[PDB]
Q: 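Below is a structure I'd like to ask you about.
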Amino acid sequence: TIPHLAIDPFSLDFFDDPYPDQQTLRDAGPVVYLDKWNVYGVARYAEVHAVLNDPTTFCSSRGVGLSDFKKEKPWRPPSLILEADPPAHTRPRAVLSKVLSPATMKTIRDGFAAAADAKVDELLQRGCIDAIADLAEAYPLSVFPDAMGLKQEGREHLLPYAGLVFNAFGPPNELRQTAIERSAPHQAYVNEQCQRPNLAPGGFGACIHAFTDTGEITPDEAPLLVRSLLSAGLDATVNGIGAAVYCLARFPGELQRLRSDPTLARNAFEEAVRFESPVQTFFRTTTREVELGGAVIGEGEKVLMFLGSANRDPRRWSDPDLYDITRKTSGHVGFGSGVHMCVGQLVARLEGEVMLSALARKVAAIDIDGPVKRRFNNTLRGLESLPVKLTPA
Ligand code: HEM
Ligand SMILES: CC(C)c1ccc(C(=O)O)cc1
Ligand SMILES: [Cl-]
């Protein structure tokens with residue numbers, strides 16, 4: 001009753017161009033079986049949203065990668081928030097929601113905005129840049145480690161470690177096994193930086209440790225939550241900002257609209273998150289048989305959610321393949337949905353908003369003037385290199 005497909009969503013051909021295969025996945029039915037990896041797949045908005053919003057049945061505590069923690073050893077101790085179910089999830093979630101809350105945003109906004117304005121001014125001084133290395137990477141590297149209160153030495157481990165983490169959500173293909181078998185120095189750095197004495201007061205990390213006396217988390221849990229922020233807080237925004245620049249380069253009319261009204265910057269970033277979905281896919285594991293779109297899924301089965309496909313599903317979105325910075329984007333699943341919905345989403349939106357605002361106010365044109373090169377990751381979508389020429393306003 002469930003169609004079986006041989007599409008490999010973790011192959012280089014898929015990463016190079018996933019949209020045709022994503023349509024095939026959506027149009028085959030509400031639930032498919034992926035013979036390549038023996039998992040169920042859901043690619044339509046309705047089913048992705050339903051799965052995300054039933055975390056008891058489609059749980060996270062058995063891993064959100066292909067591996068089932070009840071069958072295999074986790075490559076690292078499980079995340080206490082990403083890879084936990086309620087009620088164990090609830091208190092760490094509350095701590096991270098309070099660390100990365102509105103008030104903390106007000107405390108970091110001026111530095112983030114100044115850094116974004118300064119970056120755009122510098123890049124306009126460069127004229128010809130790599131929008132990845134020189135912008136999408138450089139800006140978050142210039143503000144997020146400070147906001148975490150990391151020392152200067154070793155911050156070079158953050159992006160490699162993140163790539164590993166996201167590769168490790170994939171199947172045991174070359175990307176995953178490559179990341180995990182040689183990984184140890186990055187793990188050593190991250191774990192060391194998670195300890196209270198190495199995290200400067202006033203930063204996100206030290207605030208996590210500071211919540212360890214409120215009764216929400218214990219001292220032994222705080223390092224692992226800092227590890228969550230060091231895993232998730234940099235690379236996702238790098239590919240999101242890269243996505244937004246790529247969209248504005250490919251849709252010059254939308255750049256002109258954004259320049260004319262820079263207050264669209266936040267929505268312009270949000271629509272980029274919808275349009276490219278930096279985080280493409282995540283798994284759940286069924287804790288019971290669950291009829292989903294008329295299809296039966298067994299106990300203990302992995303279910304692959306195609307977030308990007310849900311964000312391009314024509315059943316839900318008008319002109320899904322257009323980048324529209326005045327689109328009503330609310331309801332997209334690029335940040336997830338439900339109890340695990342991105343707890344860092346305000347940081348991501350702040351970085352994206354202030355950077356797109358800086359471009360809107362300072363840049364007249366973004367023209368691609370070189371080969372665009374894609375970065376391959378089992379979970380992340382984004383570019384390796386995006387050479388552009390920036391014309392000043
Ligand atoms: C463009 C930027 C970002 C994107 C697209 C993104 C995407 C996502 C998605 C799809 C989820 C849901 C995972 C799931 O349901 O299993 C998630 C959760 C999470 N994100 Fe982000 N994220 C971004 C930025 C950030 C930042 C900047 C931080 C921290 C500083 C962060 C930290 C987290 C954490 C800790 C979770 C787990 C929350 C939970 O399990 O309750 N993310 N993110
Ligand atoms: C959703 C993604 C950005 C993410 C990755 C790792 C963790 C963690 O280590 O807790 C959380 C979220
Ligand atoms: Cl680790």
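Numbering starts at 1 and runs along the sequence shown. Whatever order the structure lists them in is the order used to number ligands and atoms, beginning at 1. Only this structure's heavy atoms are used, side chains among them; waters, hydrogens and symmetry mates stay out.
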Q: Heavy-atom distances under 4.0 Å decide this one: backbone, side chain, both or neither, for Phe144 against ligand 1?
A: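 Side chain only.
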Q: Specify the protein heavy atom at minimum distance from atom 33 (C) of ligand 1: its residue, its atom name, and the distance to 0.1 Å.
A: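 Ranked first by proximity to atom 33 (C) of ligand 1 is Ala232 CB, 3.7 Å.
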Q: When the aromatic ring centroids of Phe251 and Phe275 are compared, is their separation below 6.0 Å?
A: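 Yes, they do, as the ring centres are separated by less than 6.0 Å.
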Q: Regarding ligand 1, does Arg93 bring an N or O atom to under 3.5 Å of one of the ligand's N or O atoms?
A: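 Yes - when backbone and side-chain N and O of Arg93 are compared with those of ligand 1, one distance drops under 3.5 Å.
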Q: Please state which protein non-hydrogen atom is closest to atom 1 (C) of ligand 1 and give its distance, to 0.1 Å?
A: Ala236 O, 3.3 Å
Q: Starting from atom 38 (C) of ligand 1, locate the nearest protein heavy atom and write down its residue, its atom name and how far away it is, to 0.1 Å.
A: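 Protein heavy atom with the smallest distance to atom 38 (C) of ligand 1: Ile81 CD1, 3.5 Å.
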Q: Considering heavy atoms of the protein only, find what lies nearest to atom 16 (O) of ligand 1 and give residue, atom and distance to 0.1 Å.
A: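 I find the closest protein heavy atom is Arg284 NH1, 3.0 Å.
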Q: Starting from atom 37 (C) of ligand 1, what is the nearest protein heavy atom, named by residue and atom, and what distance separates them?
A: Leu82 CD1, 4.1 Å
Q: Can you tell me the protein heavy atom closest to atom 12 (C) of ligand 2 and the distance?
A: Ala232 CB, 3.4 Å
Q: Are any of the N/O atoms in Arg76 less than 3.5 Å from those in ligand 2?
A: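 Checking ligand 2 against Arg76, an N or O pair does fall under 3.5 Å apart.
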Q: Between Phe58 and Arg284, is there a cation-pi geometry (under 6.0 Å to ring centre, at most 45° from the normal)?
A: no
Q: Look at atom 22 (N) of ligand 1 and say which protein heavy atom is nearest, naming residue and atom and giving the distance to 0.1 Å.
A: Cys342 SG, 3.3 Å
Q: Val339 heavy atoms, cut-off 4.0 Å: which ligand 1 atoms fall inside?
A: 41 (O)
Q: Just let me know how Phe282 lines up against ligand 1, side chain, backbone, both or neither, with a heavy-atom cut-off below 4.0 Å.
A: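 It is the side chain that gets close, since no backbone atom is under 4.0 Å.
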Q: May I ask you to identify the nearest protein heavy atom to atom 29 (C) of ligand 1, giving residue, atom name and distance to one decimal place in Å?
A: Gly233 CA, 3.5 Å
Q: Is ligand 1 less than 4.0 angstrom away from at least one heavy atom of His89?
A: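 True for this residue.
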Q: Using a 4.0 Å cutoff against the non-hydrogen atoms of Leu307, which atoms of ligand 1 qualify?
A: 10 (C)
Q: On a heavy-atom basis, I'd like to know which of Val343, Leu229, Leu380 is closest to atom 36 (C) of ligand 1.
A: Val343
Q: Heavy atoms only: which of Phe335, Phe204, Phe283 is nearest to atom 6 (C) of ligand 1?
A: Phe335
Q: Are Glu299 and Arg288 within salt-bridge range, i.e. N to O under 4.0 Å?
A: no
Q: Using the ring centroid of each side chain, check whether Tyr189 and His157 are separated by less than 6.0 Å.
A: yes
Q: Which atoms of ligand 1 sit under 4.0 Å from any heavy atom of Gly344?
A: 26 (C), 27 (C), 28 (C), 29 (C), 31 (C)
Q: Students should be able to answer this: which protein heavy-atom is nearest to atom 5 (C) of ligand 1, and at what distance?
A: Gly334 O, 3.4 Å
Q: Return a yes/no value for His340: is any of its N or O atoms, backbone included, closer than 3.5 angstrom to an N or O of ligand 1?
A: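 Yes, at least one N or O pair falls under 3.5 Å.
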